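First comes the structure, then the notes that go with it.
Since every read-out is calculated from the coordinates, none of them should be taken as a lab result. So basically every Cβ, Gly included, is an ideal-geometry build from the backbone, and we count neighbours across all protein chains shown.
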There are 2 protein chains.
Amino acid sequence: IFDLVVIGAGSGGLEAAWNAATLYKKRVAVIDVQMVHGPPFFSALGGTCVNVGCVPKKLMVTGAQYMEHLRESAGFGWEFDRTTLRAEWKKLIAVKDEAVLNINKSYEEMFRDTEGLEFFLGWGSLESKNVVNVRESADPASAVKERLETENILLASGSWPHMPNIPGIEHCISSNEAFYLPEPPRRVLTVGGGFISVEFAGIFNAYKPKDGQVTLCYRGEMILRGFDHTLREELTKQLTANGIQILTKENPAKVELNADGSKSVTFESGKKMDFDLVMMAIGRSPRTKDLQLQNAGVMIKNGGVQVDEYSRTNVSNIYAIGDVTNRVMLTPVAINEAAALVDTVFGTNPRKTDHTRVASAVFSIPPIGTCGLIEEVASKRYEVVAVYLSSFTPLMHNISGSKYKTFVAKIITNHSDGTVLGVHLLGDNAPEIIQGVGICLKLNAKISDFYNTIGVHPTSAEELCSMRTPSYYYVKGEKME
Amino acid sequence: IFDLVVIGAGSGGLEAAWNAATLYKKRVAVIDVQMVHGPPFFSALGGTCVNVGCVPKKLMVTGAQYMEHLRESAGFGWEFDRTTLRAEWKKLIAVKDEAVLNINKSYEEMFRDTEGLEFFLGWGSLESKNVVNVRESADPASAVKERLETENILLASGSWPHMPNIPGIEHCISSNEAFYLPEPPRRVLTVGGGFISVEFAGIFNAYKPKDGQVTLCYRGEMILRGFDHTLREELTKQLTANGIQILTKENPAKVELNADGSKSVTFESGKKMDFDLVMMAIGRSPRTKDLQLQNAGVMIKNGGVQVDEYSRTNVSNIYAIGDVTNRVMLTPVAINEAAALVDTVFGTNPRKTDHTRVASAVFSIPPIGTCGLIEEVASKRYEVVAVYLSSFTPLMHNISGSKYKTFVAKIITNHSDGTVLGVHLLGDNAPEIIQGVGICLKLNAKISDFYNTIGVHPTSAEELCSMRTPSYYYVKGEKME
Ligand SMILES: Cc1cc2nc3c(=O)[nH]c(=O)nc-3n(C[C@H](O)[C@H](O)[C@H](O)COP(=O)(O)OP(=O)(O)OC[C@H]3O[C@@H](n4cnc5c(N)ncnc54)[C@H](O)[C@@H]3O)c2cc1C
Ligand SMILES: Cc1cc2nc3c(=O)[nH]c(=O)nc-3n(C[C@H](O)[C@H](O)[C@H](O)COP(=O)(O)OP(=O)(O)OC[C@H]3O[C@@H](n4cnc5c(N)ncnc54)[C@H](O)[C@@H]3O)c2cc1C
């Protein structure tokens with residue numbers, strides 16, 4: 001019998017498990033589907049971030065970046081037989097698998113070296129308010145291979161890729177399978193408009209076969225739904241500048257496998273096109289799925305488990321965190337949600353995660369780092385808002401040759417008192433720069449004590465402390481006042 | 001007759017000139033020695049930062065970095081005939097000269113397009129409390145070619161390299177001449193311990209001739225006098241890791257030119273060595289020099305002009321800013337000093353520059369970004385101090401091959417209330433990361449609202465918001481309490 005049984009050894013799952021076991025000395029079962037990355041279930045010990053998420057994509061984006069470095073290197077005097085220069089995809093995913101495997105191996109020890117923490121390999125199902133079966137498959141008919149009795153249950157099952165219902169959806173892949181491709185596609189279509197789609201458009205672009213061609217397609221007007229309007233048009237420019245097709249207002253209607261292994265994707269938008277690989281990145285959805293929530297009587301709001309500020313469901317000894325809550329779908333938010341749950345329930349203080357003003361980044365080339373409100377929302381929340389905008393091609397990029405690489409730095413402000421509502425930047429080092437800006441925003445920085453800080457010269461970060469005067473306003477409507 | 005005559009079209013000089021002329025509509029003379037970068041006087045319109053300072057070194061460091069990128073690129077699958085791969089120094093300094101020349105050309109227009117602003121080419125000398133001669137040379141005997149009568153004078157002459165008094169100092173160069181080398185030295189000795197020396201050790205290392213060898217020598221115990229102790233040992237490691245000789249407690253006694261053009265540097269430390277180029281980077285000193293300060297009766301404290309908070313001398317219509325004040329020798333501090341001078345004297349408000357908590361960076365490979373107090377000083381100012389330390393080899397650098405490349409992130413704290421006193425980091429992207437941390441420190445961030453901010457994953461910046469528990473203390477002495 002356990003104090004806590006955590007369904008899913010994820011980012012938030014494994015955090016709450018360790019914090020309960022080690023800090024409050026509780027007895028903890030952690031259940032996960034498998035325990036080393038890759039097919040059939042792709043996620044394993046460590047969750048989605050470690051196996052088919054952040055950790056492998058940033059290695060893969062970092063690798064894709066080296067094609068920029070090898071290019072613009074020439075402008076600073078660096079010469080070599082660029083005829084000779086080719087990218088070895090097999091090596092990339094080979095070192096990736098290694099790195100991800102060890103994160104897996106180390107979590108093994110963590111369990112294999114700590115009281116209270118124990119791991120059951122299987123599929124967690126709710127049998128009651130407080131018994132949970134480690135069954136042998138997703139199908140709740142499959143053999144039970146453990147029933148854990150417990151006093152608390154934590155649902156941290158995460159979220160899965162969302163596939164459309166399309167003629168021939170069978171012939172498409174996901175984020176998950178993309179990480180295990182034997183080789184890079186020649187013609188790719190990443191379906192979807194934001195983040196995972198545009199991040200993977202970067203990676204596929206760099207490791208493609210020279211006569212390869214990448215086509216990001218979005219059924220929107222502009223990619224990255226939900227990001228600051230200027231970052232979206234500028235990234236859309238510099239993505240096409242590096243030669244990735246961006247098809248807006250086009251959506252797959254039917255993927256039919258033609259002949260040679262080719263795929264003919266007819267868009268509902270009339271068009272038909274030929275690809276070697278179609279990757280669906282249209283969404284992610286809570287793995288509410290095979291949890292048997294009704295067995296305990298747990299409520300879904302929509303998609304995933306509905307959960308309050310202190311992250312607990314209707315059922316009083318059950319709580320939920322991370323992606324299955326369908327809150328903010330980010331690893332470090334889920335780790336915080338997790339940390340504050342045990343501090344609340346096995347601890348003295350309650351504790352709730354501040355889901356506001358969370359800084360984040362898209363690792364496109366070049367990247368985006370962003371924090372706080374976008375223009376178009378703050379204008380609905382505040383009476384007069386001031387937008388500070390700064391775009392420039394960095395000198396290093398005039399002499400590098402990627403003049404198309406503009407740096408956008410935007411600061412939108414509640415003009416009525418000067419509190420910085422949101423900072424947004426696109427450009428190399430955007431994600432690193434934005435971290436300090438997240439601390440600022442949770443300190444309630446004014447624009448004044450942005451431009452009043454002495455800059456670090458020469459850096460692109462110093463641009464934030466150089467923005468004194470507004471560029472236009474929103475006095476309910478946009479007004480260069 | 002002028003309102004203001006600014007001796008030196010520097011970073012601070014040109015800032016105060018423009019702010020007076022344009023904002024307060026004053027009549028302004030700006031005098032500078034020459035008006036395009038390079039020998040004989042190396043500085044020109046734009047000052048030291050533009051001509052023989054920040055702008056050219058960061059282009060040159062950026063170029064030197066590409067040797068890392070081409071190296072560790074191979075680990076992410078990127079292959080090419082690395083036998084073929086060579087660095088073209090001539091191209092580097094060729095594009096540098098271009099970039100720096102245009103900053104020069106644009107300042108020309110700025111004068112050539114603005115009322116009040118006018119530039120006199122020459123050497124500024126104080127004749128009185130308020131007449132200043134544009135003479136034709138440094139020597140005050142040389143022909144006067146203008147006397148400007150004026151109601152105010154601003155001394156912004158900057159600072160020059162400091163050379164030791166050594167047998168054969170004639171055969172050594174400086175920062176200045178290093179920017180104009182026809183070609184990269186094979187054997188180099190950068191004399192000095194910090195910043196310029198170690199930055200140039202980076203640049204020389206990357207563009208050297210493969211059987212070339214770089215030797216940084218410092219008469220100290222450890223390079224970068226004045227930086228956090230951990231950053232110093234770690235950078236000293238990773239500098240030698242990339243193969244630059246670091247000779248501590250060794251100092252040149254006599255540079256004698258031997259034969260073939262070689263130079264035999266005997267160290268006072270017994271040792272004798274052979275080099276192709278000796279660069280002196282032992283210091284910089286206020287260009288108080290040929291200003292004729294006595295003519296007005298202006299006071300030097302030590303080295304440079306002594307000046308109060310509001311940046312004015314004993315003589316009541318004379319003020320001084322930047323490097324000749326021997327305050328903080330940084331461009332953006334001098335631009336601030338400048339901005340606040342005119343706001344004080346041609347403006348309503350006074351205004352003084354906050355010389356505390358100024359973030360800065362050394363562009364070594366890898367770089368350092370730093371802000372606030374170092375451990376060893378705060379322990380003298382505060383009763384109990386907590387030091388938070390985090391060092392790790394980034395995953396990307398396990399798989400890149402530069403495992404030696406450690407990331408150090410240190411946060412030292414007044415433990416008595418938690419106010420962050422100083423943050424210090426070494427590692428790629430250090431300078432960009434530190435900028436947000438400078439704004440934090442001037443907001444008076446506590447350690448709590450560092451670790452209470454949600455991180456941006458995966459970035460090395462997020463490491464700052466992951467440091468909760470201290471590592472040791474100083475309760476007057478260092479105490480793992
Ligand atoms: C590609 C891609 C890129 C991303 N990039 C980023 C990024 O750069 N930065 C970032 O911050 N976030 C990123 N994310 C999001 C991040 O990976 C997730 O938000 C985060 O890991 C969520 O953690 P979690 O604890 O909710 O669950 P997860 O970490 O997703 O783990 C849930 C786990 O439970 C197991 N499980 C599920 N069903 C069952 C069941 N019924 N029985 C037992 N166990 C079960 C799963 O197999 C899995 O291991 C990325 C996601 C993808 C996919
Ligand atoms: C190599 C090297 C690297 C540096 N790197 C950095 C860096 O990365 N970041 C940073 O922030 N700072 C850097 N600095 C420091 C920075 O360059 C200076 O602090 C800053 O430019 C000082 O500005 P200033 O206004 O005092 O004068 P300056 O900009 O130095 O200009 C003074 C000017 O006056 C002219 N002048 C001098 N004597 C006379 C005279 N008697 N008559 C007329 N005119 C005269 C000079 O020729 C010169 O143009 C660097 C310095 C060097 C050298």
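Among A:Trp160, A:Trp123, which comes first, second and so on when ranked by fewest other beta-carbon atoms within 10 Å?
Numbers: A:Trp160 21, A:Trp123 24.
Fewest to most other Cβ atoms nearby, the residues stand as A:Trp160, A:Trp123.
Taking each label point as 7 Å beyond Cα in the direction of the beta carbon, state the distances from A:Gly347 to the same residue in the other copies, shortest first, in nm.
4.5
For A:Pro167, what charge total do you get from the other residues with a beta carbon under 12 Å from its beta carbon, if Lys and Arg give +1 and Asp and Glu give -1? It would help to have the intermediate numbers written out before the result.
Working: positive: A:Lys254, A:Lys263; negative: A:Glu170, A:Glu256, A:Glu268.
Combined, the nearby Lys, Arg, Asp and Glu give -1.
Restrict the search to the range A:356-408; then list the GluC sites (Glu not before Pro) that DSSP places in a loop and that have at most 13 other Cβ atoms within 10 Å of their Cβ. Present the calculation step by step, with values, prior to reporting the outcome.
Numbers: sites: A:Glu375, A:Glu376, A:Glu383; in loops: A:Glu383.
The qualifying sites are A:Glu383.
What percent antiparallel are the DSSP beta bridges of chain A, to the nearest 5?
Details: 55 of 86 bridges.
Here the share of antiparallel DSSP bridges comes out near 65 percent.
Over the range B:162-282, what per residue volume does the convex hull of the Cα atoms give, in whole Å³?
So the per-residue hull volume is 100 Å³.
Quick check: the angle from helix A:196-207's long axis to the longest principal axis of chain A, C-alpha only, nearest 10 degrees?
60 degrees
Looking at the calculated P(r) for the range A:333-428, what percent of the C-alpha pair distances fall above 20 Å? Show your work: numbers first, answer last.
Working: 2531 of 4560 pairs.
Result for the distance tail: 56 percent.
Which value, in nm² and rounded to one decimal, describes the direction-averaged projected area of the C-alpha convex hull of chain B? Can you show the working numbers first?
Working: hull surface 102.5 nm².
Its average projected convex-hull area is 25.6 nm².
Dipole of the range A:357-468 (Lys/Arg Cβ +1, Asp/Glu Cβ -1, origin at the Cα centre): which of A:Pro394, A:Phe450, A:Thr413 lies farthest to the positive side?
Farthest towards the positive end: A:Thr413.
Give the relative contact order (percent, whole number) for the range A:357-468; include only Cα pairs under 8 Å separated by 6+ residues.
On the way: 216 pairs, mean separation 32.0, N = 112.
Relative contact order of the range A:357-468: 29 percent.
What are the residues whose amide H is under 5 Å from the amide H of A:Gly194, where those residues sit 5 or more places off or on another chain and H is modelled from the backbone?
Amide H neighbours of A:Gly194: A:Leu224.
Using a simple charge model, +1 on the beta-carbon of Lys and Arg, -1 on the beta-carbon of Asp and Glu, nothing else, what dipole does chain B show about its Cα centre, in debye to the nearest 20? Working shown, then result.
Values: 49 positive and 54 negative charges, 138 e Å.
Using only the charged Cβ atoms, the result is roughly 660 debye.
If you put +1 on each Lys and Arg Cβ and -1 on each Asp and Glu Cβ, how big is the dipole of the range A:165-288 around its Cα centre, in Debye rounded to 20?
Working: 15 positive and 15 negative charges, 30 e Å.
Dipole size: approximately 140 debye.
If the only charges are +1 at each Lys and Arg Cβ and -1 at each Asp and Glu Cβ, what is the size of the charge dipole of the protein assembly as shown around the Cα centre, to the nearest 20 debye? Walk me through the numbers before you get to the answer.
Working: 98 positive and 108 negative charges, 15 e Å.
Dipole magnitude for the protein assembly as shown comes out near 80 debye.
I'd like the Karplus ³J(HN,Hα) series for the range A:286-298: coefficients 6.51, -1.76, 1.60, θ = phi - 60°, whole numbers in Hz, and an x wherever there's a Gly or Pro.
Here the 3J(HN,Hα) series is x, 7, 4, 4, 9, 8, 6, 4, 4, 3, 9, x, 7 Hz.
How about B:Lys272: which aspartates and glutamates have a C-alpha closer than 15 Å to its C-alpha, ignoring those fewer than 8 places off in the same chain?
Partners found: B:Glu250, B:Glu256.
Could you work out how far apart the two model spin labels at B:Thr419 and A:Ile1 are, taking each label as a point 7 Å from the Cα in the direction of the beta carbon, and quote it in nm?
5.3 nm
Fewest to most neighbouring Cβ within 10 Å: what's the order for A:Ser471, A:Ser174, A:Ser285? Mind dumping the intermediate values first?
Details: A:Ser471 13, A:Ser174 19, A:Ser285 16.
Result, fewest neighbours first: A:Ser471, A:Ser285, A:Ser174.
Can you tell me which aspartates and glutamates have their Cα less than 13 Å from the Cα of A:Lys105? Leave out same-chain residues fewer than eight positions away.
Within the straight-line limit of under 13 Å, A:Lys105 reaches these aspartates and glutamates: A:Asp97, A:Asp113.
Kindly list the residues of the range B:280-317 that lie in the label zone of B:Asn165, defined by a backbone N under 16 Å from the point 7 Å along the Cα-to-C-beta vector.
Correct set: B:303.
Between the range A:141-182 and the range B:328-358, how many Å separate their Cα centres?
If you average the Cα positions of each part, the centres end up 59 Å apart.
Report the trypsin sites (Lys or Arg not before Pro) located in the range B:44-96 that are in a DSSP loop and have at most 16 other Cβ atoms inside 10 Å of their Cβ, or state none.
Details: sites: B:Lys57, B:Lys58, B:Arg71, B:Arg82, B:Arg86, B:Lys90, B:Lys91, B:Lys96; in loops: B:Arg82.
For trypsin sites (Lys or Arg not before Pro) across the range B:44-96 that sit outside H, G, I, E and B with at most 16 neighbouring Cβ atoms in 10 Å, the list reads B:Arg82.
Which net charge results when you count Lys and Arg as +1 and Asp and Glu as -1 among the other residues whose beta-carbon is under 14 Å from that of A:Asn444?
Values: positive: A:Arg357, A:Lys442, A:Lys446, B:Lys442, B:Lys446; negative: A:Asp354, A:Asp417, A:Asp449, B:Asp449.
Within the 14 Å Cβ shell, the charges total +1.
Between B:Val475 and B:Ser391, what's the calculated FRET efficiency when r is the beta-carbon distance and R0 is 22 Å? Round to 0.05. Present the calculation step by step, with values, prior to reporting the outcome.
Values: r = 24 Å, r/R0 = 1.07.
Between B:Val475 and B:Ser391 the formula returns 0.40.
Which angle from 0 to 90°, rounded to the nearest 10, does the C-alpha axis of helix B:54-72 make with the longest principal axis of chain B?
For B:54-72 against chain B, the angle is about 20 degrees.
Of A:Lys380/B:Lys25; A:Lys403/B:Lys352; A:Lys129/A:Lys380; B:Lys57/B:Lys254; A:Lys403/B:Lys90; A:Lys442/B:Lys352, which pairs sit farther than 31 Å apart, going by alpha carbon to alpha carbon? Kindly include the intermediate steps, with their values, before the conclusion.
Details: A:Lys380/B:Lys25 40 Å; A:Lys403/B:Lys352 39 Å; A:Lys129/A:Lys380 43 Å; B:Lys57/B:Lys254 28 Å; A:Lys403/B:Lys90 22 Å; A:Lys442/B:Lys352 28 Å.
From A:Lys380/B:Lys25; A:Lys403/B:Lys352; A:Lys129/A:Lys380; B:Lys57/B:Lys254; A:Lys403/B:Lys90; A:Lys442/B:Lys352, over 31 Å: A:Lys380/B:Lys25; A:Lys403/B:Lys352; A:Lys129/A:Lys380.
If each of B:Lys237 and B:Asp290 carries a label point 7 Å out from its Cα toward its Cβ, how far apart are those two points in nm?
With each label point 7 Å from Cα toward Cβ, the separation is 4.8 nm.
Read phi for every residue in the range A:324-340 and hand back ³J(HN,Hα) as whole Hz from Karplus 6.51 cos²θ - 1.76 cosθ + 1.60, θ = phi - 60°, with x for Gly and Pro.
Result, ordered by residue: 6, 6, 6, 8, 8, 9, 8, 4, x, 7, 6, 6, 6, 3, 4, 4, 7 Hz.
For the residue pair B:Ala74 and A:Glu136, what label-to-label distance in nm results when each label sits 7 Å from Cα along the Cα-to-beta-carbon direction?
It works out to 5.0 nm between the two label points.
Tell me which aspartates and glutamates have Cα within less than 15 Å of A:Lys263's Cα, excluding those fewer than 8 residues away on the same chain?
Filter leaves A:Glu170, A:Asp274, A:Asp276.
Can you list which of the trypsin sites (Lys or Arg not before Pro) found in the range B:360-431 are DSSP loop residues with at most 15 other C-beta atoms within 10 Å?
Working: sites: B:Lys380, B:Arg381, B:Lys403, B:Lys405, B:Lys410; in loops: B:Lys403, B:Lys405.
Of the trypsin sites (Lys or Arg not before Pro), the ones in loops of the range B:360-431 whose Cβ has at most 15 other Cβ atoms within 10 Å are B:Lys403.
Using a Förster distance of 22 Å, how high is the FRET efficiency between A:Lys254 and A:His229, based on the Cβ-Cβ distance and rounded to 0.05? Write down the numbers at each step before the final one.
Details: r = 33 Å, r/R0 = 1.48.
Between A:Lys254 and A:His229 the formula returns 0.10.
Tally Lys and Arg at +1 and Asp and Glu at -1 over the other residues with C-beta under 13 Å from the C-beta of A:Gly192: what net charge comes out? Walk me through the numbers on the way to the answer.
Working: positive: A:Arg219, A:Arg225, A:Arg284; negative: A:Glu199, A:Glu250.
Residues near A:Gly192 contribute +1 overall.
Ranked by Cβ crowding within 10 angstrom, fewest neighbours first, how are B:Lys263, A:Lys479 ordered? Spell out each step's value before the answer.
Details: B:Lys263 21, A:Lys479 10.
Fewest-to-most ranking of B:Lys263, A:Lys479: A:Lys479, B:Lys263.
Does the range A:98-153 come out rounded, prolate or oblate by the C-alpha gyration tensor, with a ≥ b ≥ c the root eigenvalues, rounded set by a/c under 1.5 and, if not, prolate when a/b is larger than b/c and oblate if not? Walk me through the numbers on the way to the answer.
Numbers: a/c = 3.08, a/b = 1.58, b/c = 1.95.
The shape class here is oblate.
Apply the Karplus curve 6.51 cos²θ - 1.76 cosθ + 1.60, θ = phi - 60°, to the phi angles in the range B:154-167 and return the couplings in whole Hz, x for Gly and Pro.
10, 8, 10, 7, x, 7, 10, x, 9, 9, x, 9, 10, x
If I fit a long axis through the Cα atoms of helix A:229-241 and take the longest principal axis of the Cα atoms of chain A, what angle between them do I get, 0 to 90°, rounded to 10?
Tilt relative to chain A: about 80 degrees.
Given the DSSP H assignment, sum -39500 (n - 2.57) over each helix run of at least 4 residues in chain B and divide by its residue total; what's the result at 222 nm in deg cm²/dmol, nearest 500?
-8000 deg cm²/dmol
So in the protein assembly as shown, what percent of DSSP beta bridges are antiparallel if you round to the nearest 5? Working shown, then result.
Values: 114 of 176 bridges.
Antiparallel bridges make up about 65 percent of those DSSP assigns within the protein assembly as shown.
Round to the nearest 0.05 the FRET efficiency obtained for A:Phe41 and A:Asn314 when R0 = 22 Å and r is the Cβ-Cβ distance.
FRET efficiency, A:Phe41 to A:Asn314: 0.15.
Name the residue from B:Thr190, B:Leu277, B:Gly220 whose Cα lies farthest towards the positive end of the charge dipole of the range B:162-282, charges +1 on Cβ of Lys and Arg and -1 on Cβ of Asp and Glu.
Checked the options; the winner is B:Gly220.
Can you tell me the Rg and the Dmax, both Å, for the Cα atoms in the protein assembly as shown?
Expressed in Å, the Cα Rg and Dmax of the protein assembly as shown come to 30.7, 103.
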